[PDB]
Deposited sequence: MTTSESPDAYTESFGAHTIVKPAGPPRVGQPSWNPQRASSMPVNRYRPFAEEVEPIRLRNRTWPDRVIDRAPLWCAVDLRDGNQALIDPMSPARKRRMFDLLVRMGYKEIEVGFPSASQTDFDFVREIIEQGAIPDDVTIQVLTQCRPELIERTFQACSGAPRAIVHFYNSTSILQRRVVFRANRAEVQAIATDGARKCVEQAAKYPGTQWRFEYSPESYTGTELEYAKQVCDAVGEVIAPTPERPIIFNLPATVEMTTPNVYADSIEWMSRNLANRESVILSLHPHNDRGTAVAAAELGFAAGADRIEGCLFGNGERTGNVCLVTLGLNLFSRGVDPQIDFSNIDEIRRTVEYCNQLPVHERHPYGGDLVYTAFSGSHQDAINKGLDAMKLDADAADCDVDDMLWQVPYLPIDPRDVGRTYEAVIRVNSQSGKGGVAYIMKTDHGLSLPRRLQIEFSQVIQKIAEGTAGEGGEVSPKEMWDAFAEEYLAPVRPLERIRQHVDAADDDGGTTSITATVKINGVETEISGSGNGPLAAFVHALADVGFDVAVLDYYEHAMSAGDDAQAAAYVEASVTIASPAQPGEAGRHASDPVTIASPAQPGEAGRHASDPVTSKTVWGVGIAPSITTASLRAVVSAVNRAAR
């Protein structure tokens, strides 16, 4: 649980800062300069550059995004994403990892065999360096008019040590042997315009000099030219530090890589620290040529850099992204359908709430802005929709992405019951009970009082005093129960038999006018420990026919279940 930090403030911590040291294990984590290496770059220039052109985009939604889904794309969902990317204006699209996945293989075959690839589109496929995998990759691409074969191997300090147990020379040979195999296979497949991409995977965890050495060595194998360049893609496989440091690394690589005119320098930033978009934008200013990402940031864990945010961040500062975002709702609908994951309410440009103002003051300012625009428009005999957007609080005209400005004018049962009472209510009980609270805001204490009054407290018509359980020694034997109960205050013996104690008690009640059928049942521990309490929840149809829930809490799994039956009976009556 959360324990308030109580350790001494740092020596020299300002008097106006009363924060205390936490007990989080910070010593298990090192500054980036110590984990990897310090910054090699001198006289950086990216801080002085403002982006004034679109990068070359590559959309990796169909492979890198797809790999990240709990419900992977069906062939129909794949075609719909492919079609969306084509219609938006993307010209490089990663379509699979065909040597690793038969469904990827079959998808690549399908788009090639059906003639589904536009003339200005280059499909891209991922492969590891193993020769049999590169062969299978070329097989999948057979008959493509053009293709990027993207090969990679992990180069990071960490992976060399603990994953590959290999030295720098061995790891570089993995890459150059892979490059040689690609060159061999390309010569065997005529017609196709083969293009190559190499990634030193886990680049952000790799020494820059080494990443440069491996890239250069791979380039020497491929022998690219300005007309037929190679792509070096430098991923933040884990986003390990601040975007300025990533950008410094990009500028250094851009300045130091051999044969630079024949290189397309590509970025592939993940979002582990929340700064993928920033890494991409600063990295582009640092000299990169190309950015790989996904629509709305899909990709493993925190995702790939968001292509929508990057593109509209250009548009909103007067630079054409060369991609159509005129109908962001259509893009969002299609992405949600394809991925089966929602765009968050606050996602830049696309989110439900991003063009909303709930504040009277902000609303008024927005309207003053719109009015001044309309006055300037009327004066210049212009359509206001063609004038410079000048509106407080709205970075863009929502209409320019097909959206609108909105001047907009639950009891928490599950949360409160679990947090304050250690009860995880079955969903249908949550529903059953929250309705009561609606009628009966209700404070946390009031909610509990009502819960106890309905489920826990009642002892009429039925009260269970004590009982004797005669359980079967042998698996599948009969269990008997005799209980002392009160029925509207009148002490009564009941007795029944069944496959277990819960069944036995249910059957015993029938003799006394309660026809009870158990429809569902749940139980959970209420603390750690051998002798911990149990909470039981029983859903039952009760005649003297209403279906109701009951709740029981007790030291024994058995007794909690019996209490839950009594609770249900009393609720039915």
*What are the unmodelled segments when the structure is compared with the full deposited sequence, in sequence order?*
1 to 17, 427 to 433, 465 to 473, 578 to 614, 644
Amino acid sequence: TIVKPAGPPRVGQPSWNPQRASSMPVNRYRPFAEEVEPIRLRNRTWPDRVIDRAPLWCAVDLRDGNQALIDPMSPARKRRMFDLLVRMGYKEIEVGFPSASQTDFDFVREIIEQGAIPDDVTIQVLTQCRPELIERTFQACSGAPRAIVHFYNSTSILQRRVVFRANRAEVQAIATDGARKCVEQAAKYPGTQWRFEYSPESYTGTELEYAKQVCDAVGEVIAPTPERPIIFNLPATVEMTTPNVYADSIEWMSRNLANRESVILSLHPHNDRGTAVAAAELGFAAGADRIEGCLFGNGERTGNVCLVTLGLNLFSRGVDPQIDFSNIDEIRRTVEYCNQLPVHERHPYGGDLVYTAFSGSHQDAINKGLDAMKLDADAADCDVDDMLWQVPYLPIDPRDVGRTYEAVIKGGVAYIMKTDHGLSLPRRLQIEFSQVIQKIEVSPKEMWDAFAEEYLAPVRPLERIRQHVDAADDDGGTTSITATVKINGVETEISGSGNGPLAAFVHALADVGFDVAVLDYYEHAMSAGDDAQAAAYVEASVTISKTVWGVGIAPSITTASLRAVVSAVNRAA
From here on, numbers count along this sequence of modelled residues.
*Select between 106 to 114 and 319 to 327 the stretch whose C-alpha atoms have the higher average B-factor in the entry.*
106 to 114
*Entry-level comparison of average CA B-factors, 378 to 386 and 180 to 188, reporting the higher stretch*: 378 to 386
*asked:* Checking the record values for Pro243, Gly299, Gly412, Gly205, which has the greatest CA B factor?
replied: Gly412
*asked:* Highest recorded C-alpha temperature factor, please, choosing from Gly351, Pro501, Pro224, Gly287.
replied: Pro501
*Relative to the other modelled residues in the chain, which third contains the C-alpha temperature factor of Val408: lowest, middle or highest?*
highest
*Which third of the chain does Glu170 land in by C-alpha B-factor: lowest, middle or highest?*
middle
_Chain thirds of CA B-factor: placement of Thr558_ = middle
*Taking the entry's C-alpha B-factors for this chain, is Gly274 in the lowest, middle or highest third?*
lowest
*Against its chain's modelled residues, does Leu429's Cα B factor rank lowest, middle or highest third?*
highest
